[PDB]
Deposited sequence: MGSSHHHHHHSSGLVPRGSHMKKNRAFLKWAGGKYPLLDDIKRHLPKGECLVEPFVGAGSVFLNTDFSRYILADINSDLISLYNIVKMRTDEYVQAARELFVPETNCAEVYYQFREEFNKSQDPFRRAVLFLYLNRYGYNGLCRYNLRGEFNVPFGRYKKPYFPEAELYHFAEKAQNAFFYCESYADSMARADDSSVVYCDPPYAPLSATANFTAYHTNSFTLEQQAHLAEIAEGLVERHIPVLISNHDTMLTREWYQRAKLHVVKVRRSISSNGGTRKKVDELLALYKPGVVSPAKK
């Protein structure tokens, strides 16, 4: 199991065992919601089409890919004991929000993810990163995880776009895995949740396999009805489970 170098919501690490099982084989893998890219890191496809709506996330992935050795050295400088305090953190957070340089923003982004509160990625409406100090004992610098990502990203394309646009890149040789934001138990709207199901069925009609992972609620079944629904008993956090929607042509 390969861990991503970023703390990210919906890591789906324990689900990797169940995903790979129900994930069809093909040449290309398309992920409209790549996020940390845990699925991308723990699979083996010829090509990858990875996309996310987060511009800072996508920009980082291209910096790490193209300028690996340069980035790792510059980013290792921030993971020192002297940077593990509030005063330094908020200045680095400020420098990030004011920087125009993609490289410098990419370097600080890893710092803010590892030193920030719970590894959250929160912005205001100004597009400014506003996550407070995390106050950890000793933040880990994922040097091994970075090099593993870079060597694997060589067979991948990164795009900053919505799910609708990225799924349009899918073809015969491509297999699609969708990991949308979690469905409400009781921002990603419900219309976008249902719209994802519409495209998935339009793709499987064009002989293109699509796998979707989400929570197990009454709404998820009503959207994913046309797929072979498999369930995994996580039963954690009322006890809710995770639902797998597979569209096999």
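Peer 1: In sequence order, name the stretches of the deposited sequence that have no C-alpha in these coordinates.
Peer 2: Coordinates drop out over 1 to 22, 209 to 219, 271 to 278, 291 to 298.
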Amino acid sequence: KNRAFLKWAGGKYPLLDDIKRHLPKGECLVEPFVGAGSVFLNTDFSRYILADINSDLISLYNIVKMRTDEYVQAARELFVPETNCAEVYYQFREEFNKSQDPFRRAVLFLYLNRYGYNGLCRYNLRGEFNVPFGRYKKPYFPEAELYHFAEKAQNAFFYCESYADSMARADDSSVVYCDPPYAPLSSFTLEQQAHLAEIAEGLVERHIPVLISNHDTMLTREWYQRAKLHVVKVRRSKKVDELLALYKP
From here on, numbers count along this sequence of modelled residues.
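Peer 1: Does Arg235, which is modelled here, drop out in at least a third of the other compared PDB entries?
Peer 2: Yes: coordinates for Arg235 absent from at least a third of the compared entries.
Peer 1: Would 198 to 206 or 48 to 56 have the larger average of its C-alpha temperature factors, as given in the entry?
Peer 2: The stretch with the larger mean CA B-factor is 198 to 206.
Peer 1: Quick check: 173 to 181 versus 95 to 103, which has the larger average CA B-factor in the record?
Peer 2: The stretch with the larger average C-alpha B-factor is 173 to 181.
Peer 1: Sorting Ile63, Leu211, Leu29, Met218 by Cα temperature factor from the record, which one lands on top?
Peer 2: Reading the PDB entry, the winner on C-alpha B-factor is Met218.
Peer 1: For the chain shown, is the CA B-factor of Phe40 in the lowest, middle or highest third of its modelled residues?
Peer 2: Middle third.
Peer 1: Ranking every modelled residue in this chain by its Cα temperature factor as given in the entry, which third contains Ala74?
Peer 2: Answer is middle: the recorded C-alpha B-factor places it there.
Peer 1: When the modelled residues of the chain are sorted by Cα temperature factor, does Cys121 land in the lowest, middle or highest third?
Peer 2: CA B-factor rank for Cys121: lowest third.
Peer 1: According to the PDB entry, is the CA B factor of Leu110 in the bottom, middle or top third of its chain, that is, lowest, middle or highest?
Peer 2: Lowest third - that is where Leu110 ends up once the chain's C-alpha B-factors are sorted.
Peer 1: Which third of the chain does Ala164 land in by C-alpha B-factor: lowest, middle or highest?
Peer 2: For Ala164, the deposited C-alpha B-factor lands in the highest third.
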